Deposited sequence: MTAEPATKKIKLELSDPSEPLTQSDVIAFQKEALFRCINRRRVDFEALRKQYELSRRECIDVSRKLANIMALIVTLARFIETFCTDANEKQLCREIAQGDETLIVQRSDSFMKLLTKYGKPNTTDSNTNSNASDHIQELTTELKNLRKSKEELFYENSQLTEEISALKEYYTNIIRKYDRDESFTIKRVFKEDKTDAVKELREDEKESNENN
């Protein structure tokens, strides 16, 4: 378990410990991949619904005459799960009110589209950088610990002076 104690264990068993750890590790990995596949699935699904909703909120905002109504739509469109679930009754009440079946507004929407496209690209880049950071970090920290174990190995000291 600690380095100093390794002298007392047997070599044939240390190999078995290594295989014990190798198989359990592949097991946890297959689990981890399962987990992540689920998280992305559900996160893409949730993304779609919230998008449908906040698109709706902004759409209907161009109609609400009351300043409470306008504030309602704006807050919802800020996209928070909680605040949406919690103000959904009033949101629906709003929707009941106004559903009973130019140029400057379309320019607004194209402006909306451009800024959102920028945001998406920004976030995609930042996603990538984060993956790289994770990689870098794991390599960095484990290198450091490997050194620490090499610095308290006395066998290393005598083999190498």
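- Sequence ranges 1-20, 122-131, 192-212 have no coordinates in this entry (deposited sequence, numbered from 1, C-alpha basis).
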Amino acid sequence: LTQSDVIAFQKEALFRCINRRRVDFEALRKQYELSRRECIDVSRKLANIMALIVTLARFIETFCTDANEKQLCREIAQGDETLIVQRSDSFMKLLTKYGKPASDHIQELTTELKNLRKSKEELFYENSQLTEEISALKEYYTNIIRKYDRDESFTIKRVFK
From here on, numbers count along this sequence of modelled residues.
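- Just going by the entry, 111-119 versus 45-53 on mean CA temperature factor gives the higher value to 111-119.
- Going by the entry's values, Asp104 shows the largest Cα B-factor out of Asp66, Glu133, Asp104, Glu33.
- Split the chain's modelled residues into thirds by C-alpha temperature factor. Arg29 is in the middle one.
- Among all modelled residues in its chain, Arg37 ranks in the lowest third by Cα B-factor.
- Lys100 sits in the highest third of its chain by CA B factor, as recorded in the PDB entry.
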